[PDB]
Amino acid sequence: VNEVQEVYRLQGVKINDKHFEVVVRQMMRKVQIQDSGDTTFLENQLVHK
Amino acid sequence: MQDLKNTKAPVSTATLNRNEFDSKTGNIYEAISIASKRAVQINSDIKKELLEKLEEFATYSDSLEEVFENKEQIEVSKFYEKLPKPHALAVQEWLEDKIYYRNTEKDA
Amino acid sequence: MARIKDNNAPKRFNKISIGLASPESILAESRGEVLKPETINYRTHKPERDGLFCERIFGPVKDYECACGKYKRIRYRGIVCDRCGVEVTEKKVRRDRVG
Amino acid sequence: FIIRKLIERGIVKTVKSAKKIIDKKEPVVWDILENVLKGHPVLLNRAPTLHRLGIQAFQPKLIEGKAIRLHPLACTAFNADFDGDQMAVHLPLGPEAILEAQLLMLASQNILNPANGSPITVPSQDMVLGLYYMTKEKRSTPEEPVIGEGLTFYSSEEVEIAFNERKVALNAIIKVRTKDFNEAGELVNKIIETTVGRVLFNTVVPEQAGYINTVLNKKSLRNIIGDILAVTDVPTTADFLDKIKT
Amino acid sequence: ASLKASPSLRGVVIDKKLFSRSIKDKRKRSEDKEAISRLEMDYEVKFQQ
Amino acid sequence: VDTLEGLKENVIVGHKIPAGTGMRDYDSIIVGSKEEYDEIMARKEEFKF
Amino acid sequence: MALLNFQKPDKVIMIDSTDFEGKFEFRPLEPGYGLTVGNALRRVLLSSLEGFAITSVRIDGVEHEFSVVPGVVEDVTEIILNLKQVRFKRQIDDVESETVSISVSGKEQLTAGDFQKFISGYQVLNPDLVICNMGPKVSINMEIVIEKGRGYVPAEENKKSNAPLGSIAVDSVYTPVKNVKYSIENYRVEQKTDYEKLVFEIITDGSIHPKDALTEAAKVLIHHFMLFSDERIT
Amino acid sequence: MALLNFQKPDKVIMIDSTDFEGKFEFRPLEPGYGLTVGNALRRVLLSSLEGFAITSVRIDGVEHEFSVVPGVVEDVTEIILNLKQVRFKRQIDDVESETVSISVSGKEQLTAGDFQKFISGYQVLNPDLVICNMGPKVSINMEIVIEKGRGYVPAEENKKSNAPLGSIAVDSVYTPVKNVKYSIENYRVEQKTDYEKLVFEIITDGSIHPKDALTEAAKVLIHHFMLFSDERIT
Amino acid sequence: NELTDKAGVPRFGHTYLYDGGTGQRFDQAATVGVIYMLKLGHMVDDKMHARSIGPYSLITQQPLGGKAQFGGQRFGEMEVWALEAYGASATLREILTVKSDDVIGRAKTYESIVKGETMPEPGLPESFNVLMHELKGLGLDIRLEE
Amino acid sequence: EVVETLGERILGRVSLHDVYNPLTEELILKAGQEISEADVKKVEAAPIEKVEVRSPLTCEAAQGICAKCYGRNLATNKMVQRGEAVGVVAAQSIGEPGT
Ligand SMILES: [Mg+2]
Ligand SMILES: [Zn+2]
């Protein structure tokens, strides 16, 4: 959030942090599997949390 | 049918305060839904009333190409033209707490 | 006059399912088999028999008129023909019939 | 809609005759259309539509010519200048669509930028220059005297009377008794040293925002509009915007 | 199959042109042969001048 | 199997988007005049008594 | 004959009117005439019209403007500002300059109407205007001067040699007209959405009615324009 | 009675005036009234005065405006643009329109003054205007329609549904007043050095003498301002 | 400067002007002169275009595009994004179905506006059926289920 | 140097915990209550430097976000209401100044 906001702040653009927070939340909805276990999930699988 | 000769709804568009409009429901989208449904009902009622008024001045002229100037029909149509539109009447009804609404799913 | 009020309201749906299509389903939904690589005859500029534009498979081109022009107008809905086998219906069925 | 009114009036009984009458451009068409327009806003759109303010509902009026007349204060929302730009007009049909246009899309409702919350319908260019010129102070010097400097007025009424009679200059420094906040936040009458132009600007500022005693630039105007919207509601802010534009 | 003005065209007709292929008839063919002979004679007259 | 939950699917299919005025719980709202409802229920109560 | 194709207005419509404010309507006007009529009427009405005001106030126990009057909450400046709002109407004809000596005691609030018993040649239109707030056992004595003037005259231009010693010069709003405004909207006649519609607003202190102000301004303009007649040019 | 102290001006004084240019004086004037009187008169003079102009033209051998007359140097668009500048004045009372047939041959130039022979109810004020350039053996048989109006009427509003073949509706400019200038000078009456003098300079095209243009403008203003009387307010 | 002094014109063209509607001189002097002005070929006559109903496409059953074709304006992706952001389900629905390609719906809506009745219930757009037929022509079994 | 004030960054959000003034001990910020301008003024006049607010990054709604999780609708300067397509607004707000 801070790094993306810095680019806009360097040129006098005011955007609330809520928008970047929503996008970043949409950027972190998945997890990477590393142990298959007894579930139907498989290895190296990006699955929704 | 409400008194259409003494309505306080604006004839044209106005800047309505949203806080007053959505105070009763807590959601302006819900208020718009309710007002639009009431506007449909009001439009149906107004159409029925206008058809009843126009059936009186039903001058039985079989000719179709010629344009007929019936003054009474024009006067009635003019009266109903300058009235606030059905959505405006529904908005005025909603702001005056004269709309009854309920949710069938929530009440079941 | 006004358009004919088709009372066949669209069937409401909530889902779309996708999958591999079997040959049996393709044959079952089809109205015929395209047998010729022709589209329109070069001498008459009319859809060819058993071609890609065939009126036997994909529907009539004219509204409420068959190919041979023997059955005409709304009185003859659903009668295909004795001669050209082209159903007398709305030409809009050329957007829904497959081969 | 014109066809519906034509059939209702008894002028015609079929759609084709109504279309022919409309295409003939008769006075009855304009008489019908004046009332048909009312309560039926149109969505104006300028491409590219970067944010939701690129589509805005406006209540239309019949004008001469072939060009759409657009409010200047909406230009900043549309990124629209008048060097050859074109706009598209879409007509909502259903009552719910018209209600959405009137209560969610109306330009008088789109005062704040959804990106940051600060006002977007702020005066610009000629409007800001005129407000700045009216609210800037001028000090009297022996070479160029300023009429009516140092005069005390009982209200904005007397300032208006003196200005209308050409007895005090627009940029003269005067003292006026008006309502302003105290240290506790209550509105009390006090004598403020201000300018005539500031008094005239404050005759349209809502009394709940106090008294504004600053030279009006774009930043100050944006802050003032935000404050007025904070204390008052949207309609009052819209009327204030229109008045200060004028 | 007529050409109709769109509801934006307002103007004045300033010129009209019709270009046609001469109909090939038998009598027209004999007339064309006589005319081409006369034109050939006139053009040899011009040649000689 | 797509259940048509987002905005894009309902835009493509032509259904009301699940946002703004198109939320699914606004399709079950019955509206009417308050005076008419009051009169109807008063008549019902009078008939019941 | 001269005005045959002209789209003349019908007459003046008095939409709303009180003794203080009044709004009038002129329609339909040909293009460019709303501005002419509105500007002419506003200029005539915003000229230095005749009226009466207070020109000098002399309060006993006070010698300069920035002084404290015993028992009165407001200073001399606030008293002068309040006195500037007293509106007068002529009652006895041919009355120009009047000096009024006023002594008020036993009241919690000195108002304009309390001067009425001491004022002879004029009548106070707003007797409920709070001139000052005084204490319980406070007696106020003041001499005011009511004169006749034109428009707004500041203190410097309003000093008179006949004023009593110790008086303070006061700005005077002689004019009866408080404010004049006009707007020109578009009026539709047949297929023309470009006709004009003049809306006039007059706010007056109450001495003259807004309709009377409009009629008098129109009369002045008519008298001025009648001199451009054929018989009145040499 | 409050308006009686106004300084009423004497009359309008004609200093110099030919049939085209005129200079007038309005004196004495109250401070600020020269501006309103002058601006109102200027607006009315420039906007709403009647004059005569050509509304339609038909040239033999010419089907539409975008054509050419054989032997004439100018096209028909240029001929129409020159005919727009032909100014007319009344010569006989009670004439509202006139169709003039003109036949000119044998002259190297067709000018406006050539139309006076065929015109009975009007006078051409600018006979030296060159309508077109022609050869010595080129004959023009044309027909113009001179009408009456105010302001500028485009060709679309001069199109007659009963006009003969070849008739071209021509943009009409009717305004007789070309320039209005006014100045405000200081005028001294007795001991007062603050009165005003309004100096007017009017340039017209010759159809109306400047004095009568001033009288007509005053009449229009007076007719508009009479509607503000008490009897015409509801 | 020399030429303006020779022509009786104030230097830099700085002249005091008078308002035509009021007559008062402007407070400050303004730059006045003669400028060479051109008229470009972008005329409002060629740009204005209005359509209620007109020709549609025979493939997509959507309004054509262009003044010569009497077409309709394009409500693209960004306009739909703006409509969604506002929350206008109804306006977006009318734009998607009844104004573009609901073949029965648009005729019924025209009739309902002329007759004053209630608006018709929109149906499936025809472009969706074109998409479904293309998918079936690609050998995919697309099924709409309730 | 302070570029963005804490008051400009906590305005419109939702206070996660009951925040008391460390000096005078009053409940300045209430849990679940939107930070209005009055709360901003109170905090700026109090010795508070870090405020824990609810953010979309840390809302546990099954589908989307909800009103308290998000905060204030910047288009209306009121609490965000149910049904708002805050994602499209966020994307448009970020992308508009990209040019
Ligand atoms: Mg541009
Ligand atoms: Zn057949």
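Below 12 angstrom from the Cβ of G:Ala155, what's the summed charge of the other residues (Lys, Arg +1; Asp, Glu -1)?
Numbers: positive: D:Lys167, G:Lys84, G:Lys159, G:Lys160; negative: G:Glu65, G:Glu156, G:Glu157, G:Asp171.
Around G:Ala155, the charge tally is 0.
Mind giving me the nanometre distance, one decimal, between the label points for J:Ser36 and D:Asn223, set 7 Å out from Cα along Cα→Cβ?
Roughly 2.3 nm, to one decimal.
Per the Debye formula with a single identical scatterer at each Cα and no solvent contribution, what log10 I(q)/I(0) holds for chain D at q = 0.09, 0.12, 0.17 Å⁻¹?
For chain D at q = 0.09, 0.12, 0.17 Å⁻¹, log10 I(q)/I(0) is -0.57, -0.84, -1.22.
Which of the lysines could a cross-linker bridge to E:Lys33, judged by Cα under 18 Å and excluding same-chain residues fewer than eight apart?
Those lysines meeting the cut-off are E:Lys24.
Once the Cα gyration tensor of the protein assembly as shown is diagonalised, what are the square roots of 5 times its eigenvalues, in whole Å and ordered largest first, as equivalent ellipsoid semi-axes?
Semi-axes, largest first: 64, 55, 31 Å.
Quick check for you: which residues of the stretch D:122-165 have the amide N under 18 Å from the point 7 Å beyond the Cα of G:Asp75 toward its beta carbon?
D:150-155
Let me test this: with uniform point scatterers at the alpha carbons of chain J, what is the Debye-based log₁₀ I(q)/I(0) at q = 0.18 1/Å?
Log10 of I(q)/I(0), two decimals: -0.91.
For the stretch H:34-159, I need the span (max minus min coordinate) of the C-alpha atoms along each principal axis, in Å, sorted largest to smallest.
On the principal axes, the stretch H:34-159 reaches 58, 30, 25 Å in Cα extent.
Considering only C-alpha atoms, what is the centroid distance from the stretch I:88-146 to the stretch I:1-79, in Å?
40
Given a Förster distance of 25 Å, report the FRET efficiency between G:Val68 and G:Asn162 from their Cβ-Cβ distance, rounded to the nearest 0.05.
Working: r = 29 Å, r/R0 = 1.14.
It comes out at approximately 0.30.
For J:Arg9 and F:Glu36, what is the calculated FRET efficiency with R₀ set at 60 Å and r taken between the beta-carbons, to the nearest 0.05?
The formula returns an efficiency of 0.70 here.
If you wrap a convex hull around the Cα atoms of the stretch D:1-83, how much volume per residue is inside, in Å³?
It comes to 126 Å³ per residue, whole-number rounded.
Return a whole-number percent for the relative contact order of chain G, with Cα pairs under 8 Å and 6 or more residues apart as the contact set.
29
Per residue Cα convex hull volume for the stretch C:15-66, in cubic angstrom? Spell out each step's value before the answer.
On the way: hull volume 6.8 nm³, N = 52.
Spelled out: Cα convex hull of the stretch C:15-66, divided by residues, is 131 Å³.
What's the average, rounded to a whole number, of partner chain beta-carbon atoms within 10 Å of each residue's beta-carbon in I:109-116?
Neighbouring Cβ atoms belonging to other protein chains average 6 per residue here.
Kirkwood Rh and Cα-based Rg: tell me the resulting Rg over Rh for the stretch G:133-180, rounded to two decimals.
That ratio equals 1.09.
Mind checking the dipole of the stretch D:137-206: about its Cα centre, +1 per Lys or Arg Cβ, -1 per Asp or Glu Cβ, Debye to the nearest 20? The partial results should precede the final answer.
Numbers: 9 positive and 12 negative charges, 8 e Å.
In total the dipole reaches around 40 debye.
So what's the net charge close to H:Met14: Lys and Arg +1, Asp and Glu -1, counting the other residues with Cβ under 9 Å from its Cβ?
Taking every other residue near H:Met14 into account, the sum is 0.
What do the square roots of 5 times the Cα gyration tensor eigenvalues come to for chain B, in whole Å, largest first, as semi-axes of the equivalent ellipsoid?
In descending order, the three semi-axes are 36, 16, 11 Å.
With +1 assigned to the C-beta of every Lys and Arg and -1 to the C-beta of every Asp and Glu, and no other charges, what is the dipole magnitude of the protein assembly as shown about the Cα centre in debye, to the nearest 20?
4460
Please report the Cα spread of the stretch I:47-86 along all three principal axes, rounded to whole Å, starting with the longest.
Sorted largest first, the three principal extents are 33, 27, 14 Å.
How big is chain F in terms of Cα radius of gyration and Dmax, in angstroms?
19.1, 55
Averaged over every viewing direction, what's the projected area of the C-alpha convex hull for chain G? Give it in nm², one decimal, please.
Its average projected convex-hull area is 17.5 nm².
Would you work out which of F:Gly6, C:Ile16, B:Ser33 lies farthest towards the positive end of the dipole of the protein assembly as shown, given +1 charges on the beta-carbon of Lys and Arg and -1 on that of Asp and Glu, about the Cα centre?
In the protein assembly as shown, that residue is C:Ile16.
Distance between the C-alpha centers of the stretch B:1-73 and the stretch D:21-46? Whole Å please.
18
For chain E, what ratio Rg/Rh do Cα atoms give with a Kirkwood hydrodynamic radius?
Here Rg/Rh amounts to 1.34.
What's the local net charge at A:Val47, with K and R +1, D and E -1, over the other residues with C-beta under 13 Å away?
In short, +1.
Between the stretch E:1-43 and the stretch G:79-104, how many Å separate their Cα centres?
Centre-to-centre distance over Cα atoms comes out at 100 Å.
What distance in nm lies between label points placed 7 Å from Cα along the C-beta direction at B:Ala14 and E:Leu9?
4.9
On average, how many beta carbons from a partner chain sit within 10 Å of the beta carbon of a residue in B:19-31?
For peptide B:19-31, the averaged partner shielding equals 5.
Please give the FRET efficiency for C:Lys15 paired with D:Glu186, using the beta carbon to beta carbon distance and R0 = 41 Å, rounded to the nearest 0.05. Please report the intermediate quantities before stating the final value.
On the way: r = 63 Å, r/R0 = 1.53.
Rounded to the nearest 0.05, the efficiency is 0.05.
What dipole magnitude, in Debye to the nearest 20, does chain I give about its Cα centre under +1 on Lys/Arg Cβ and -1 on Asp/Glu Cβ?
Rounded to the nearest 20 debye, it is 640 debye.
How many percent of all Cα-Cα pairs in the stretch D:115-199 sit more than 20 Å apart? Provide the component values of the computation, followed by the final result.
On the way: 1706 of 3570 pairs.
Beyond 20 Å sits 48 percent of the P(r) for the stretch D:115-199.
Quick one: if you stick a label point 7 Å off each Cα along the C-beta vector at C:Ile26 and A:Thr40, how many nm between them?
Going from the C:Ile26 label point to the A:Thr40 one covers 3.0 nm.
What is the helix-to-structure angle for J:86-95, meaning the angle in degrees between its Cα long axis and the longest Cα principal axis of chain J, kept from 0 to 90 and rounded to the nearest 10?
Approximately 90 degrees, to the nearest 10.
Counting C-alpha atoms alone, how compact is the stretch A:2-49: give Rg to one decimal and Dmax as a whole number, in angstrom.
Every Cα atom of the stretch A:2-49 included, Rg and Dmax give 17.1, 53 Å.
Averaged over all directions, how much area does the convex hull of the C-alpha atoms of the stretch H:104-234 cover when projected, in nm²? Intermediate results must be reported in sequence, preceding the final value.
On the way: hull surface 60.7 nm².
For the stretch H:104-234, averaging the hull's shadow over all directions gives 15.2 nm².
Along each principal axis of its Cα atoms, how long is the stretch I:33-146 end to end? Whole angstroms, biggest number first, please.
75, 42, 31
Partner chain Cβ atoms within 10 Å, averaged over the residues of F:29-39 - can you pull that number for me? Intermediate values should be presented prior to the final figure.
Details: counts 10, 8, 16, 7, 10, 7, 3, 3, 4, 1, 0.
Whole-number average of other-chain Cβ neighbours for F:29-39 is 6.
Every read-out reported here was derived from the displayed coordinates using simple, explicitly stated rules and does not represent laboratory data. Neighbour counts run over all protein chains shown; Cβ positions are idealised from the backbone, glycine included.
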